[PDB]
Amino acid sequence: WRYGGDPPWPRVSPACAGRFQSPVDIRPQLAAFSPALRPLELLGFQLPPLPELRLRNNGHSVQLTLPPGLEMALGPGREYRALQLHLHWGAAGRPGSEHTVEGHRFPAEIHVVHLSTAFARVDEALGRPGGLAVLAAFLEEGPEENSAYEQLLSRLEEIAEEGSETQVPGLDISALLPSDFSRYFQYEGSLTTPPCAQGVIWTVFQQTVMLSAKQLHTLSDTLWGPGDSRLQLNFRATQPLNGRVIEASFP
């Protein structure tokens, strides 16, 4: 499968034609305040430099494979383990976040994909309720260089080639996310890539993460994709809520 160009995605996976797909346009006015939604809890995210992690240009994103041991709770009894993180970005003067807020697209978005601790394998969790959970944060232009992000953005040149990978030192994975783990939107949707399986819990942080203009440019301008062509605008079109209600952890 390619971005914005054949193949139909439903030719690749019927699930890409489901009624309850991601990403979505978040309208904070229409979100349901749900006080049951407690602050997210992360254990094991502060990684030592060794062992190193695989950072890959899979020709769709830059993917960082996460080691065993990264535990994430959405709340009492809702336990997950981190598998990987990847990013969605645009191009020079074109934003590329997947989620939008009242129609506004942010420059980029980080996703940390997690597997429910009721499942041994991703293939058993796909399409099952709460089988996968994604933590998503918007990236916005800031005045300072983000030094958490610099550790990965500095390695992109090594993996410019489509299908290329490198080993990078472990780092504080939680430092790539906002500091506010209490304020977020939550909804049930899908993977935004084939196979677009449903039953995914999306948590979208209200607080954004700041990258320098230079970092956003390194993200959007270094990697190559399928087809002597730049890896850019790697986001799926907004999908209708189709009657789903987005919950907010805050009034």
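Note that residue numbering follows the sequence shown and begins at 1.
- On average the C-alpha atoms of 73-81 have higher B-factors than those of the other stretch, with 109-117 and 73-81 being the two compared.
- If you average the C-alpha B-factors over 54-62 and over 31-39, the higher value belongs to 31-39.
- Highest CA B-factor among 207, 198, 192, 186, as stated in the entry: 207.
- The PDB entry assigns residue 9 a C-alpha temperature factor belonging to the highest third of its chain's modelled residues.
- In the PDB entry, residue 138 places in the lowest third of its chain by CA B-factor.
- Per-chain ranking of the deposited C-alpha B factor places residue 150 in the highest third.
- Remark: residue 130 belongs to the lowest third of its chain, ranked by C-alpha B-factor as recorded.
- Placement of the Cα temperature factor of residue 87 within the chain: lowest third of the modelled residues, per the deposited record.
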